[PDB]
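Just the one chain here, the form deposited without the partner chain, laid out as structure tokens.
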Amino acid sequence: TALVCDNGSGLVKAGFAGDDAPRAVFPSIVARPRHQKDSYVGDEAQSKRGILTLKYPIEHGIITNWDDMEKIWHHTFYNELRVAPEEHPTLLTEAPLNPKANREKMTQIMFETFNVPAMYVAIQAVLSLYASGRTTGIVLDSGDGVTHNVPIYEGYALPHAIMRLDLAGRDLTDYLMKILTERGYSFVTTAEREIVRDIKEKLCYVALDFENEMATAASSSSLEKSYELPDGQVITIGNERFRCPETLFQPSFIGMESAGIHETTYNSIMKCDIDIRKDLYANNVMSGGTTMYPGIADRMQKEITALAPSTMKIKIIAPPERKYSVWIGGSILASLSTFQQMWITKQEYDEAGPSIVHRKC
């Protein structure tokens, strides 16, 4: 039975190939005591977060703390899935443009620390494309730590045309803390950030027309919503509901010069071969938790329509389970009979070394 593990900057999604949903979802963190176990992993750190210093081993989609990542994987196999890794082929995920040395190290750790019988490393955006049933299209994957626009042709990501945006869900939570603080409610601490993440996920949305929506917010209180904190205390949120994810379209809101996600989509397509551009426009797939904002697909449709040739068929696909589409795509892929020839086997690793990840994945 094959395993699928999507290693997020924010959340680990893990489970078995062939299942519709990840069996286990837990925070990508390792925590250590602030004052006199030596460490706590994932949900175990979450449950004791108040007394621990938290560290994220994955930054902007790239593994940067290998010792802590090994703890994450150990916890995934033994605590979460309750499996013996030497008994299961394992599919891992990686960010677009993940350095070769990173993927070699991942491969080495899997074969040599966990003794997996076989493994494979797949690109997150590609798995989401597959989950939607396509092998050609352009994927916008906005997660907790990074946002990528990834044009894909017949299963192949087109590296020259990939766009990376270091603006994603965590930055948006931080921005919401800031503007709620300006509103009159102080959100400044580490625990308060989690509260504001929940507010963001509950109440934020993307305006179809930002200027019009701001006008409405100023003219009446119908866009206002109350939010009850865990202790019963209540706050109100007004135009911050849509100003927060507006940052995706206007990165200058947090002082970045970068183009917004609509422009990065357009720029990405325009870097691709002329004959595949219309196929990308017709197959724009959203993925990741930060694409969950109500209104986002219609706003993307609008902005891209304005940028594209006026007769271009534009289509935005935003699947309901797109928080987990990377994992779901991996589940589908690993369970295809036609995929069984793709795995990197232990025998193949032993004779070739970690560099075999370049040839097989």
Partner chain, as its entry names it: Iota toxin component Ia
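Residue numbers count along the first chain shown, from 1.
Not pictured, yet referred to below: the form solved in complex with the partner chain.
Under a 4.5 angstroms non-hydrogen atom cutoff, the partner chain in the entry with it bound lacks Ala168 among its neighbouring residues. Residue contact with the partner chain in the entry with it bound: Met163 places a heavy atom within 4.5 Å of it. The partner chain in the entry with it bound comes within 4.5 Å of no heavy atom belonging to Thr90. The partner is not shown here, but in the entry with it bound the stretch 256-271 reaches within 4.5 angstroms of the partner chain through a heavy atom at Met256, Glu257, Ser258, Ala259, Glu263, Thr264, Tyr266, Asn267, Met270, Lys271.
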